[PDB]
Visitor: 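Okay, handing you the structure first.
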Amino acid sequence: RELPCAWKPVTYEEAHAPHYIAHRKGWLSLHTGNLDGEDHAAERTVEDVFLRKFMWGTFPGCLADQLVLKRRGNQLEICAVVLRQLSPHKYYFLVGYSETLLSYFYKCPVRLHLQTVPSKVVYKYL
Amino acid sequence: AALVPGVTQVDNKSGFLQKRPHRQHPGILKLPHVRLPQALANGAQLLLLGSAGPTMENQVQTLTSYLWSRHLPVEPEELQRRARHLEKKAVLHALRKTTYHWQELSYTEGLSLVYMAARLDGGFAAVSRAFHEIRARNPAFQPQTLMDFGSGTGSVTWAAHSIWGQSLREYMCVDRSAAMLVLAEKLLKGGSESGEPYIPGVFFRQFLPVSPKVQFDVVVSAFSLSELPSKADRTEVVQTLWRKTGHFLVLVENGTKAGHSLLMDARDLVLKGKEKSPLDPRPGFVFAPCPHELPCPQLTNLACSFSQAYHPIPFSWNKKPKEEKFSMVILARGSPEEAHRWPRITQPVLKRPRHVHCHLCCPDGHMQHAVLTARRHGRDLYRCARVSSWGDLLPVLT
Amino acid sequence: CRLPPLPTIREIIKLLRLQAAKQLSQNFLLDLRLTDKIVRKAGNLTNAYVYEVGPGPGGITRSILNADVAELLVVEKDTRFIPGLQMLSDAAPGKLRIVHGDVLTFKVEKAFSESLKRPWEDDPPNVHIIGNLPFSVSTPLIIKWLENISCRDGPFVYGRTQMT
RNA sequence: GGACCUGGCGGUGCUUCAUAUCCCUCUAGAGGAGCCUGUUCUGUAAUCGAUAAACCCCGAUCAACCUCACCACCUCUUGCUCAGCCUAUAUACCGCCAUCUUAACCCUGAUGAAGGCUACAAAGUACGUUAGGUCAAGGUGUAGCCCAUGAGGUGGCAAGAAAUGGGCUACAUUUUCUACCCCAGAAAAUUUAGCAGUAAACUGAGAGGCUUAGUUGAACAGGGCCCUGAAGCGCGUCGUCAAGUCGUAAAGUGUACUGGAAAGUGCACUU
Ligand SMILES: C[S@@+](CC[C@H](N)C(=O)[O-])C[C@H]1O[C@@H](n2cnc3c(N)ncnc32)[C@H](O)[C@@H]1O
Ligand code: SF4
Ligand SMILES: [Mg+2]
Ligand SMILES: [Mg+2]
Ligand SMILES: [Mg+2]
Ligand SMILES: [Mg+2]
Ligand SMILES: [Mg+2]
Ligand SMILES: [Mg+2]
């Protein structure tokens with residue numbers, strides 16, 4: 001263009017800035033590690049990193065939004081939001097596959113909670 | 001590769017090694033900590049007496065950081081190139097995010113005072129080191145005539161005075177800002193609107209003279225080309241200054257990637273003469289800091305800068321000594337004096353037990369990271385490297 | 001031959017201590033280019049002896065010195081311009097000889113050497129006068145010099161000196 | 001050739017006040033002595049340089065015959081262990097800090113360029129960036145030397161002088177010691193804050209120079225600005241030799257005379 005001539009849909013998580021994390025947004029992962037006195041916060045962080053990368057590479061172009069990783073006791077719930085573009089048979093295949101891999105990789109009863117949506121739920125435009 | 005272990009030897013001319021210690025070897029160009037002339041500091045403080053409170057400290061810091069982190073203006077072709085990719089992968093917003101907003105600084109009276117308080121001592125130190133280069137390597141040079149493009153507060157004028165005042169007789173100071181010209185005159189007159197100038201023969205002009213007939217012995221441009229709004233303006237200004245340069249053209253910018261790129265563009269422009277039949281037919285070479293005229297081996301991803309420590313003007317916020325990091329290039333008319341041009345140390349020298357790290361820009365146009373040790377290179381060359389510092393010349397031959 | 005830059009009207013107001021531009025009571029030709037034209041029209045001045053009247057800021061002075069004169073006798077009434085003319089003399093050693101006094105009473109007949117005196121019937125004697133004076137002073141001056149030509153005295157002791 | 005219109009000055013000054021930050025005033029403390037650091041000059045072959053590496057076993061500390069570092073001489077060699085070095089690089093990334101940038105509709109002018117307000121209302125409504133610092137409470141790599149950037153041995157090195165910048169100690173009579181916790185007895189120039197539970201003085205608790213809890217408790221408190229805010233008036237609408245590879249920021253109209261003409265005077269007219 002020209003020098004003084006210079007002088008995108010976003011979901012809720014994308015729209016709101018980091019300084020709203022406890023004001024408007026929430027926390028994607030929920031666990032006891034960061035509480036006072038509790039241990040293994042770093043191990044939970046590393047587990048979260050691996051889960052997010054694995055899920056984004058195992059459901060490519062399906063996840064409409066970011067994961068929600070809940071932990072109760074030794075349970076590990078992945079609440080994901082996906083699109084209605086892939087066939088349900090492939091979704092069932094991938095759910096079973098991912099559940100079994102993550103259970104045998106983290107030695108805990110992992111479980112997965114797909115929620116399909118017709119399309120990205122755009123909050124605003126930035 | 002100007003240091004081959006066991007082959008390259010110290011350059012002993014004038015019987016250097018025999019008659020004088022290693023701490024005074026001819027490539028030692030380091031300057032002691034710079035102190036501004038008492039008249040200049042007193043004038044600055046007197047002019048700033050009106051308002052020197054906590055606001056002025058913040059204003060000085062903000063202006064300093066803004067000038068240091070300022071980028072070169074974005075050429076329109078660059079906007080097109082980036083916009084094409086952004087479209088391929090809203091685009092205007094992405095450009096507003098990923099492009100530097102370059103603005104003209106209008107130096108009114110308040111911003112002139114702030115710029116004085118923020119940059120007078122730093123500019124003085126940088127220009128003093130640049131001038132000391134010439135003085136040390138050519139002690140016979142006795143200039144009678146100096147021009148200063150973008151002479152803001154007169155730092156170049158004062159440094160040239162401190163060095164060559166017994167011969168200089170005319171100081172042309174070009175600056176389109178009336179407030180900055182007024183401030184420079186007040187500084188020369190002891191900070192008082194009425195008085196007698198400390199330096200004789202200083203002429204102040206608001207427009208750059210453009211005529212190859214009038215030619216100056218030293219032409220200086222310190223932290224001035226970064227304020228020009230486009231590459232076309234920079235090119236025309238550099239061409240004019242080189243045309244009017246008689247012996248030496250000293251260009252000094254901030255020691256950043258932007259400053260180094262600007263200076264290397266100017267260096268290439270001057271070296272690759274395009275004028276078909278100029279009034280002055282003498283060619284130009286790089287007197288310092290480059291030992292060659294080949295393209296800079298650090299323009300790819302790094303920069304090239306030099307440091308000069310100095311004592312700031314006493315203020316409510318200036319307590320400890322500071323360091324001025326600046327890029328420089330000196331272009332001289334004629335041809336190189338001899339074929340024994342020496343490597344330049346372009347980074348801090350690291351002294352470690354029984355070895356020394358020097359990063360050298362060799363005459364062949366390449367950088368060399370040399371770890372000089374006595375057993376490998378020779379006792380005399382090891383001691384010369386041990387005593388040398390950032391921005392000095394290493395006397396090595398063959 | 002490098003000479004000092006011509007003073008702009010700002011430096012001239014500062015020099016005369018008026019502090020403003022509408023109080024000069026004088027008009028200066030601060031265009032070195034028109035003065036080049038005038039000195040060109042004065043003739044060929046190479047190795048000539050020029051008696052320049054009404055120097056003022058020194059545009060005419062700079063123009064004349066740019067031509068290869070031998071001696072340039074300057075006669076200035078005001079002392080605020082002698083500093084500038086002294087700087088001019090230093091810039092061009094040996095050529096500018098400055099004097100303080102009135103042109104209506106200054107005696108040019110003794111100024112130059114007696115080896116320049118040509119006879120009246122021969123060519124003009126290599127001695128020129130150039131002048132940009134106040135018009136309140138150039139008319140009495142030309143009347144006086146016309147009387148001098150009639151009597152063959154004064155500036156015309158050297159012969160048929162040409163005036164511009 | 002005639003009439004009209006838009007304008008633009010990246011413009012120029014002033015006026016009044018809101019004028020808080022910043023001022024100026026005003027208030028209260030901060031220079032001597034002894035050591036330690038910064039800069040300069042002088043001097044040496046050389047470093048008055050450092051202790052996850054001495055000493056000390058009150059605090060700290062100087063040189064210590066510690067040891068590393070420097071200078072001058074030497075020695076060792078397949079050796080420690082497919083050896084050995086904290087030698088470089090965050091100018092490798094990550095991390096941690098910091099810098100900078102981030103339209104429509106409706107009327108008027110004869111349907112011309114063009115213009116549209118009055119409140120006791122008259123056409124107007126809708127992330128990147130950085131030769132950045134950090135290798136001391138943290139990582140993932142990449143390079144270097146490998147008859148030496150490794151391991152030893154013998155000597156030396158242990159500086160001098162000023163002016164100024166900074167830091168640590170003691171600096172008392174409104175003091176010090178005991179009993180008490182307040183009626184006893186003995187001793188002898190810049191700068192930092194201000195704006196109040198603040199300054200100053202005095203205690204406790206912590207993680208092991210930094211975070212929290214208390215006690216006593218002042219002095220001064222007036223004038224004006226920079227700069228945005230709120231508006232108003234005015235002004236203002238450059239030249240030249242051959243184009244820049246040029247320089248720079250009462251008043252009028254006629255006519256006559258003008259030889260002290262950068263324009264003056266005389267006569268007649270105009271606003
Ligand atoms: C702010 S000074 C830079 C610092 C100054 N050189 C010093 O030594 O401290 C640069 C000045 O150059 C002026 N400038 C920019 N372009 C110019 C030009 N073409 N001719 C003359 N001055 C120019 C600007 O007004 C600006 O004030
Ligand atoms: S000294 Fe070398 S690295 Fe520096 S600007 Fe010159 S050529 Fe480049
Ligand atoms: Mg080290
Ligand atoms: Mg020592
Ligand atoms: Mg070691
Ligand atoms: Mg870095
Ligand atoms: Mg008359
Ligand atoms: Mg008349």
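Lettering of chains follows the sequences in order, A, B, ..., and the numbering in each one begins at 1. All values below come from the heavy atoms of this structure, side chains included, with hydrogens, waters and symmetry mates left out.
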Visitor: Strictly below 4.0 Å: does B:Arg383 bring a side-chain N or O up to OP1 or OP2 of D:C70?
Guide: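 It does not, given that no N or O in the side chain of B:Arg383 lies less than 4.0 Å from OP1 or OP2 of D:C70.
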
Visitor: Would C:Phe135 count as stacked on D:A262 if the rule is ring centres under 5.5 Å and plane angle under 30°?
Guide: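 A stacking contact exists, since C:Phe135 sits close and nearly parallel to the base ring of D:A262.
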
Visitor: Note down whether D:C120 puckers north or south, where north is a positive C1'-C2'-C3'-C4' and south a negative one.
Guide: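 South pucker for D:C120; the sign of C1'-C2'-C3'-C4' is negative.
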
Visitor: Do B:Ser327 and B:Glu253 meet the criterion of a side-chain donor-acceptor pair at a distance under 3.5 Å?
Guide: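 No, no side-chain donor-acceptor pair sits under 3.5 Å.
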
Visitor: Salt bridge check: are C:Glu147 and C:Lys144 linked by an N-O gap of less than 4.0 Å?
Guide: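 No, this pair does not count.
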
Visitor: Please indicate whether A:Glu13 has more than 12 foreign heavy atoms, meaning atoms of other residues, nucleotides or ligands, lying under 6.0 Å from its CD.
Guide: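 Result for CD/A:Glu13: enclosed.
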
Visitor: Checking understanding here: a glycosidic angle within 90° of 0 is syn, the rest anti, so what is D:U6?
Guide: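 Nucleotide D:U6 adopts anti.
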
Visitor: Tell me whether D:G79 sits syn or anti, counting syn as a glycosidic angle within 90° of 0.
Guide: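 Base orientation relative to the sugar is syn.
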
Visitor: Under 4.0 Å between a side-chain N/O of B:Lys213 and OP1 or OP2 of D:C246, yes or no?
Guide: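 B:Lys213 to D:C246 OP1/OP2: side-chain N or O found under 4.0 Å.
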
Visitor: Quick check on side-chain hydrogen bond (donor to acceptor under 3.5 Å, both in side chains): which of B:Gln308, B:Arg129, B:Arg119 does B:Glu324 satisfy it with?
Guide: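 The side-chain hydrogen bond (donor to acceptor under 3.5 Å, both in side chains) with B:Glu324 is passed solely by B:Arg119 among B:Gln308, B:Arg129, B:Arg119.
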
Visitor: Are any non-hydrogen side-chain atoms of B:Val10 and B:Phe16 less than 4.5 angstrom apart?
Guide: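 B:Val10 vs B:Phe16: side chains touch.
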
Visitor: Quick one: the side chain of C:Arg33 and the base of D:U240, do they pair up donor-acceptor inside 3.5 Å?
Guide: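 Pair found.
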
Visitor: Would one find more than 12 heavy atoms of other residues, nucleotides or ligands at under 6.0 Å from atom NZ of B:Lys19?
Guide: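 More than 12 within 6.0 Å, yes.
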
Visitor: Whole angstrom is fine here: how far is it from CG in B:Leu86 over to P in D:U102?
Guide: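 Taking atom P of D:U102 as the reference, CG of B:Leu86 is at 18 Å.
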
Visitor: Near RNA chain D, under 4.0 Å by heavy atom, which residues of residues 371-378 of chain B?
Guide: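 B:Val371, B:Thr373, B:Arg375, B:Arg376, in order of number.
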
Visitor: Heavy atoms only, 4.0 Å cut-off, all strands: where does B:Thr300 land among base, sugar-phosphate and nothing?
Guide: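 The residue B:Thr300 makes no contact with any strand.
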
Visitor: Closest to the C:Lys37 side chain: D:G260, D:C241, D:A88?
Guide: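 Given the options D:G260, D:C241, D:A88, the side chain of C:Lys37 is closest to D:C241.
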
Visitor: Hey, is the side chain of C:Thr139 pairing donor to acceptor with the base of D:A261 inside 3.5 Å?
Guide: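 Answer is no: no donor-acceptor pair is held.
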
Visitor: Can you tell me if the side-chain N/O atoms of B:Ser316 get under 4.0 Å from OP1 or OP2 in D:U191?
Guide: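 So the side chain of B:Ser316 is within the cut-off, an N or O lying under 4.0 Å from OP1 or OP2 of D:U191.
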
Visitor: Of the nucleotides D:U101, D:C241, D:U87, which has the atom closest to the B:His355 side chain?
Guide: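 Within the option list, the nearest is D:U87.
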
Visitor: Does B:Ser69 put a side-chain nitrogen or oxygen below 4.0 Å from OP1 or OP2 of D:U130?
Guide: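 Answer no for this pair, as no side-chain N or O of B:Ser69 is under 4.0 Å from OP1 or OP2.
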
Visitor: By the criterion of two distances each under 3.5 Å, are D:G266 and D:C171 a Watson-Crick or G-U wobble pair?
Guide: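 No pair, by the stated definition.
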
Visitor: Rounded to whole angstroms, how far apart are CG on B:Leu67 and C1' on D:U99?
Guide: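 The answer, rounded to whole Å, is 12 Å.
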
Visitor: Report yes if the ring of B:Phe207 lies under 5.5 Å from the six-membered base ring of D:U248 with planes under 30°, and no otherwise.
Guide: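 Stacked: centres under 5.5 Å apart, planes under 30°.
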
Visitor: What pucker, north or south, follows for D:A262 from the sign of the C1'-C2'-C3'-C4' torsion?
Guide: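 South pucker for D:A262; the sign of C1'-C2'-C3'-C4' is negative.
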
Visitor: Kindly point out which of D:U21, D:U47, D:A262 is positioned nearest to the side chain of C:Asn27?
Guide: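 My answer, after comparing the listed nucleotides, is D:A262.
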
Visitor: For C:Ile143, report the nucleic acid contact type (base, sugar-phosphate, nothing); a contact means any heavy atom under 4.0 Å.
Guide: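 It contacts base atoms.
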
Visitor: Kindly say if B:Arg205 contacts the phosphate of D:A249, meaning a side-chain N or O under 4.0 Å from OP1 or OP2.
Guide: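 Answer no for this pair, as no side-chain N or O of B:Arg205 is under 4.0 Å from OP1 or OP2.
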
Visitor: For D:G128, take OP1 and OP2 only and decide whether either is under 4.0 Å from a side-chain N or O of B:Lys97.
Guide: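 No, no such contact exists.
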
Visitor: What's the CG-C1' distance between B:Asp380 and D:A45, to the nearest Å?
Guide: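 Whole-Å distance recorded here is 14 Å.
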
Visitor: How close or far is atom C1' of D:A131 from atom NE2 of B:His369, stated in whole angstroms?
Guide: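 Taking atom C1' of D:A131 as the reference, NE2 of B:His369 is at 15 Å.
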
Visitor: Contact class for B:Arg176 (heavy atom, under 4.0 Å): base, sugar-phosphate, or nothing?
Guide: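 Nothing, no heavy atom under 4.0 Å.
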
Visitor: Could you check whether D:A28 and D:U178 make a Watson-Crick or G-U wobble pair, counting it only if both donor-acceptor distances come in under 3.5 Å?
Guide: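 No, D:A28 does not pair with D:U178, since the Watson-Crick or G-U wobble distances are not both under 3.5 Å.
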
Visitor: Would you classify D:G10 as syn or anti? Syn applies when the glycosidic angle is within 90° of 0.
Guide: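 Here the answer is syn: the torsion falls within 90° of 0.
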
Visitor: Within the pair B:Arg354 and D:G150, is there a side-chain N or O less than 4.0 Å away from OP1 or OP2?
Guide: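 Indeed, a polar side-chain atom of B:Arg354 lies that close.
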
Visitor: Find which nucleotide of RNA chain D each of B:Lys319 and B:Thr108 is nearest to by heavy atoms, and output the residue with the more 5' nucleotide.
Guide: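 Its nearest nucleotide being more 5', the pick is B:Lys319.
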
Visitor: Please report the distance separating the P of D:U169 from the corresponding atom of D:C210, rounded so that it comes out in whole Å.
Guide: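 So the two P atoms sit 15 Å from each other.
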
Visitor: May I have the distance from B:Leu381 (atom CG) to D:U149 (atom P), rounded to whole angstrom?
Guide: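 Rounded to the whole Å, the gap is 13 Å.
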
Visitor: For D:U129, which nucleotide is its Watson-Crick or G-U wobble mate, given both distances must be under 3.5 Å?
Guide: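 Because no pair has both required distances under 3.5 Å, D:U129 counts as unpaired.
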
Visitor: B:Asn254 CG to D:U99 P: how many Å, rounded?
Guide: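 Atom-to-atom, B:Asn254 to D:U99, this comes out as 17 Å.
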
Visitor: Assess whether a salt bridge exists between B:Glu227 and B:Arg70, defined as any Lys/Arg side-chain N lying under 4.0 Å from an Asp/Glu carboxylate O.
Guide: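 Salt bridge flag = yes for B:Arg70 with B:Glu227.
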
Visitor: For the side chain of B:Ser51, counting heavy atoms from C-beta on, which of D:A131, D:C22, D:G247 is nearest?
Guide: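 The nucleotide sitting nearest to the side chain is D:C22.
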
Visitor: Between C:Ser63 and C:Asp36, is there a side-chain donor-acceptor contact under 3.5 Å, judged purely by atom types and distance?
Guide: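 Yes, side-chain donor-acceptor contact under 3.5 Å.
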
Visitor: Is any side-chain N of the basic residue among B:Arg333 and B:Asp280 closer than 4.0 Å to the acidic one's carboxylate O?
Guide: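 Judged by the 4.0 Å cut-off on N to carboxylate O distance, B:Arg333 and B:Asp280 do form a salt bridge.
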
Visitor: Taking atom CZ of C:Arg2 as the centre, report whether more than 12 heavy atoms of other residues, nucleotides or ligands fall under 6.0 Å from it.
Guide: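 Buried by this count: over 12 neighbours within 6.0 Å.
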
Visitor: Would D:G13 and D:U125 pass as a Watson-Crick or G-U wobble pair if both distances have to be under 3.5 angstrom?
Guide: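 They are not paired, because the relevant distances do not both stay under 3.5 Å.
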
